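Quick mapping for you: the protein sequence lines, in order, are chains H and Y. Here the numbering used here is used: the first residue of the first sequence is 33, the next is one more, and so on. Here the numbering used here is used: the first residue of the second sequence is 131, the next is one more, and so on. Have a look at the structure below before the remarks.
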Amino acid sequence: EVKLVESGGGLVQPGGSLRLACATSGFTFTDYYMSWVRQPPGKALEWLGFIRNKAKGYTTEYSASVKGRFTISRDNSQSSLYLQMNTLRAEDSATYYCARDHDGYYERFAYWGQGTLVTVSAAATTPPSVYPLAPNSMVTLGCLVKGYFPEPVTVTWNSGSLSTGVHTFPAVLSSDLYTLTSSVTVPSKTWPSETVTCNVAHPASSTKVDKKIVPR
Amino acid sequence: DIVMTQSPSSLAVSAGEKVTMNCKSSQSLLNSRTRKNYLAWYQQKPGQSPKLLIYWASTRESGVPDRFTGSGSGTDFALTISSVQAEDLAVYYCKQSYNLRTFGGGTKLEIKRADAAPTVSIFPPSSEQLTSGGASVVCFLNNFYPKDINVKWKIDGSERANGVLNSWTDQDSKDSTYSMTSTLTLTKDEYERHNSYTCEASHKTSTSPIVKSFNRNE
Ligand SMILES: C=CCO[C@]1(C(=O)O)C[C@@H](O[C@]2(C(=O)O)C[C@@H](O[C@]3(C(=O)O)C[C@@H](O)[C@@H](O)[C@@H]([C@H](O)CO)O3)[C@@H](O)[C@@H]([C@H](O)CO)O2)[C@@H](O)[C@@H]([C@H](O)CO)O1
Ligand SMILES: [Zn+2]
């Protein structure tokens with residue numbers, strides 16, 4: 033299938049630089065224009081620029097908001113797309129996606145990466161503490177994932193094998209540290225008789241934690 | 131400058147109803163040559179990447195349910211959902227590609243459903259957190275409607291407002307409910323000074339608060 037995958041996202045100091053990369057497969061790379069698009073948390077998509085296909089000789093265009101500060105380039109031998117970002121400021125904090133643009137007929141972004149989150153801040157990387165939230169028909173368990181920076185963190189329950197009845201609440205920032213929690217609801221048949229574990233990852237500190245919810 | 135604007139900024143619609151959302155360009159997006167309007171519609175569900183629904187104004191991307199219809203021409207465009215389903219919850223963006231590309235500001239579509247009262251549970255601080263010197267007490271208010279809800283924390287029967295952070299999830303793609311977390315954070319020393327820890331949930335589905343409590347004498 034068509035696969036687009038951004039990477040390189042993370043914490044960078046205001047005034048600093050960062051380059052993202054976008055790995056693609058499943059289609060003829062040189063045929064396509066490629067675009068970058070960003071979305072600050074909670075806000076609208078914004079188109080940033082593109083680099084044209086072979087026929088048009090891989091020229092680049094930028095939106096006025098990043099022209100002269102961002103550079104796009106591609107590696108056709110590898111089917112890769114890049115974004116060089118410079119003199120970053122807080123307004124640049126956003127999830128950045130690449131998307132498959134024009135092939136010379138269809139006017140459409142048919143395909144999009146999962147996105148990679150960039151945070152522009154002077155605040156330091158801090159790993160989360162992870163705490164078990166333990167207490168009839170249905171029973172509700174949780175994990176409290178507290179004090180981390182920057183975003184994101186992922187939380188799954190039993191390695192992704194518990195999916196429904198999951199609520200992960202949007203982190204809230206206080207004093208330059210985020211906190212979030214996740215809840216899962218399972219029939220008390222299943223618990224504690226059968227284990228429940230939350231798996232928390234914090235890629236900025238490479239943190240991997242499992243917390244078994246044990247009855248008090 | 132091609133300026134793209136969308137309206138309404140947000141709206142709520144019950145399942146089965148019609149939804150119309152509009153997209154306005156500041157200059158025509160009709161390539162007089164080809165007679166195609168360079169306007170696409172995208173759908174971004176909560177937590178996901180945007181996804182293509184329509185291009186060239188009215189051409190429906192394969193895989194996209196037929197209840198979605200793009201229409202319009204020149205500077206005015208609409209996306210109409212003939213019969214909304216619970217999974218259609220999302221922000222919808224239009225995007226011109228006539229001169230480079232520019233997204234509109236988006237229309238956030240919420241689902242209206244019947245009122246539903248919240249399921250509340252409370253959790254004491256973990257021994258791991260306490261021994262490190264903090265105490266967070268957590269209430270989940272799960273699967274309710276509408277979104278507006280109030281929680282008050284009572285410690286030994288009295289109200290406390292300092293230290294409480296709330297966070298609502300995006301609406302659920304399946305049942306159209308919200309859920310919210312309320313977290314009260316104390317130091318170990320203050321947590322150890324009291325016994326009754328009470329989370330009270332006030333929602334329009336009842337005149338009577340839903341109250342979940344635990345006493346620190348475990
Ligand atoms: C405005 C001049 C148009 O000349 C056309 C015509 O239809 O009148 C269109 C030309 O379009 C292309 C082409 O070689 O196919 C492609 C254009 O793509 C882009 C761009 O690279 O900026 C990107 C597309 O998404 C879209 O935004 C278009 C615009 O809507 C303008 O068409 O621009 C572009 O690369 C033009 C190029 O500027 C021409 O020098 O070329 C093309 O089909 C010509 C034809 O070669 C001669 O009649 O017709
Ligand atoms: Zn006290």
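Backbone N, C-alpha and C fix where the C-beta goes; we use that ideal spot for every residue, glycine too.
Starting from residue i, trace the alpha helix (DSSP H) in both directions and tell me its first and last residue.
i, result
"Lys-318(Y)", "318 to 321"
"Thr-261(Y)", "257 to 262"
So that I know if they touch, is there some Cβ in chain C lying closer than 8 Å to that of residue i?
i, result
"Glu-258(Y)", "No chain C is present in this structure, whose protein chains are H and Y."
Looking at chain Y, is there any beta carbon in it that lies within less than 8 Å of the beta carbon of residue i?
i, result
"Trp-79(H)", "yes"
"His-234(H)", "no"
"residue 17(H)", "One cannot answer for residue 17(H) here, as it falls past the ends of chain H, which runs 33 to 248."
"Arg-51(H)", "no"
"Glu-139(H)", "yes"
"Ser-125(H)", "no"
"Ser-207(H)", "no"
"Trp-144(H)", "yes"
"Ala-87(H)", "no"
For residue i, I'd like the list of residues in its chain whose CB is within less than 7 Å of its CB, leaving aside the five on either flank, ordered along the chain.
i, result
"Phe-61(H)", "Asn-108 and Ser-111"
"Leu-43(H)", "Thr-151, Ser-153, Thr-157, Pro-182 and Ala-236"
"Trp-171(Y)", "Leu-183, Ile-184, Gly-200, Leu-209, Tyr-222 and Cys-224"
"residue 391(Y)", "Nothing about residue 391(Y) can be reported from this structure: the residues present for chain Y run from 131 to 348 only."
For residue i, decide whether its Cβ has a neighbour in chain H, counting only Cβ atoms nearer than 8 Å.
i, result
"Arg-231(Y)", "yes"
"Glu-348(Y)", "yes"
"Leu-209(Y)", "no"
"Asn-272(Y)", "yes"
"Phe-253(Y)", "yes"
"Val-268(Y)", "yes"
"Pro-180(Y)", "yes"
"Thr-313(Y)", "yes"
"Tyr-185(Y)", "yes"
"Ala-170(Y)", "yes"
"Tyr-223(Y)", "yes"
"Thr-299(Y)", "yes"
"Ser-309(Y)", "yes"
"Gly-193(Y)", "no"
From residue i to residue j, what distance separates their C-alpha atoms?
i, j, result
"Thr-200(H)", "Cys-175(H)", "9 Å"
"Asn-273(Y)", "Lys-284(Y)", "23 Å"
"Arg-84(H)", "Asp-63(H)", "9 Å"
"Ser-203(Y)", "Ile-184(Y)", "14 Å"
"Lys-244(H)", "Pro-254(Y)", "16 Å"
"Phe-59(H)", "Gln-146(H)", "18 Å"
"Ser-105(H)", "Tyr-114(H)", "5 Å"
"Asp-135(H)", "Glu-93(H)", "16 Å"
"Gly-40(H)", "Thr-135(Y)", "32 Å"
"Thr-222(H)", "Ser-207(H)", "39 Å"
"residue 351(Y)", "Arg-197(Y)", "Past the boundaries of the shown model lies residue 351(Y); chain Y is included only from 131 to 348, so the question cannot be answered."
"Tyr-168(Y)", "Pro-73(H)", "28 Å"
"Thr-313(Y)", "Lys-342(Y)", "14 Å"
"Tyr-228(Y)", "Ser-195(H)", "42 Å"
"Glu-240(Y)", "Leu-165(H)", "31 Å"
"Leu-120(H)", "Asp-131(Y)", "24 Å"
"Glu-38(H)", "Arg-132(H)", "12 Å"
"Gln-174(Y)", "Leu-205(H)", "24 Å"
"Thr-172(H)", "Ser-192(Y)", "40 Å"
"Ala-233(H)", "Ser-225(H)", "26 Å"
"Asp-286(Y)", "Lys-35(H)", "56 Å"
"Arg-243(Y)", "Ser-306(Y)", "7 Å"
"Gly-197(H)", "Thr-232(Y)", "38 Å"
"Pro-247(H)", "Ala-291(Y)", "29 Å"
Where do the N-terminal and C-terminal ends of the beta strand (DSSP E) with residue i fall, by residue?
i, result
"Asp-131(Y)", "Per DSSP, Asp-131(Y) belongs to no beta strand (DSSP E) and is neither H nor E."
"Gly-174(H)", "170 to 180"
"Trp-171(Y)", "169 to 174"
"residue 254(H)", "Outside the displayed range of chain H (33 to 248) lies residue 254(H), so it cannot be described from this structure."
"residue 326(H)", "What the structure shows of chain H is the stretch from 33 to 248, and residue 326(H) is not part of that stretch, so it cannot be assessed."
"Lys-225(Y)", "220 to 226"
"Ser-332(Y)", "326 to 332"
"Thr-188(H)", "186 to 189"
"residue 7(H)", "Lying before the first or after the last residue shown, residue 7(H) is absent from chain H, which here runs from 33 to 248."
"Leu-183(Y)", "181 to 185"
"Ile-279(Y)", "Where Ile-279(Y) is concerned, there is no enclosing beta strand (DSSP E), given that its DSSP letter is neither H nor E."
"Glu-240(Y)", "237 to 242"
Less than 6 Å between C-beta atoms, sequence neighbours within five positions excluded: which residues of the same chain meet that for residue i?
i, result
"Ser-332(Y)", "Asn-280 and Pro-339"
"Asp-124(H)", "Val-152"
"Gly-146(Y)", "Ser-213"
"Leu-50(H)", "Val-44 and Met-117"
Using C-beta distances below 8 Å, list every residue in its chain close to residue i, excluding the 5 sequence neighbours before and after it, in chain order.
i, result
"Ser-139(Y)", "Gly-235, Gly-236, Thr-237 and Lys-238"
**OP:** Could you tell me whether the segment 314 to 325 of chain Y touches the segment 245 to 252 of chain Y, using the rule of 3 or more Cβ pairs below 8 Å?
**Re:** Under the three-pair Cβ rule at 8 Å, the segment 314 to 325 of chain Y does not count as touching the segment 245 to 252 of chain Y.
Original post:
Within the chosen definition, does the segment 129 to 143 of chain H reach the segment 174 to 183 of chain Y through at least 3 CB pairs nearer than 8 Å?
Top reply: The segment 129 to 143 of chain H and the segment 174 to 183 of chain Y touch, with no fewer than 3 CB-CB distances between them shorter than 8 Å.
Original post:
When the Cβ atoms of the segment 182 to 193 of chain H are set against those of the segment 210 to 218 of chain H, are three or more pairs found closer than 8 Å?
Top reply: The segment 182 to 193 of chain H is in contact with the segment 210 to 218 of chain H.
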